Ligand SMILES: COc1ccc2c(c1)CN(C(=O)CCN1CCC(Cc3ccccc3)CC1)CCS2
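Presented as structure tokens, the chain that follows is alone, the form deposited without the named molecule.
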């Protein structure tokens, strides 16, 4: 594993040229959504920021206010996601799950499960800088119970460092998890939230081995993904991220298209948020694990400029 994304710095970029092109495409009645799509999906995020800066000095206009007026639908919500400064997209996405749009634990479980404690400190820092309130307090307001408790544990970003691995506490933790999991994760929540939340990744992947020997099964089996119980799902997410974030994230995209529905808000979020970080890796797991390329799935569930961009993000190569 070399963490890679799918979007890189466009070579021989001209932020002025870029911005002018993008002025013609809005310009007049009609929109050149292809021209808009192809350009910004073929640019990285920092670059997109230079083009907004250039669009303003040139024309005296707000690039994003113009995109927000020209566009609709999901291709709008996609473009608008592209133009989010990477530093912000996650906390933007946390804010909105918390504002308005009622019950959105799916989003909270996704980010806070699947970010590295270095990602979690910055998010907390930026949100509290952008929106004025603390993420942790906002989460406490809008959540309840152990699901809340666990998130607030996860939000501390304070796991045991990977160092020496204590085979005795690996035995003790896999016990606690054994029994609690045939208690339906339904008893002694305080005890398992401390193990899931504070232990090291390298310690936990060992505990998870130590379960599959003692119980003959792997700890996932003991939960249902379809059935609710935010905690169980949060639990389940942690067990999958502790094993492998790009694999968790490739499974999140895969059930975003499963059945009736394409859960576009999950689609947009992952593609975009991981695009310059690990989107490569997420492909190279989806293929192998789900046996179809991500590309073609998306080419399949989606349609329009929205799938043009999305495919353009994904990249048809490896």
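Positions refer to the first chain, counted from 1.
FYI, the form solved in complex with the named molecule isn't displayed, but the following is about it.
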Any chance residue 205 has a heavy atom within 4.5 Å of the named molecule in the bound PDB entry? yes
Contact with the named molecule in the bound PDB entry for residue 159, defined as at least one heavy atom pair within 4.5 Å: yes or no? yes
Can any non-hydrogen atom of residue 116 be found within 4.5 angstroms of the named molecule in the bound PDB entry? yes
Tell me, yes or no, whether residue 277 is in contact with the named molecule in the bound PDB entry, where a contact means a heavy atom of each within 4.5 Å. yes
Using a 4.5 Å heavy atom cut-off, which residue among 165, 212, 201, 140 comes into contact with the named molecule in the bound PDB entry? 201
So which of 241, 222, 104, 230 gets a non-hydrogen atom within 4.5 Å of the named molecule in the bound PDB entry? 241
So which of 117-125, 145-153, 67-75, 173-181 is the stretch with heavy atoms within 4.5 Å of the named molecule in the bound PDB entry? 117-125
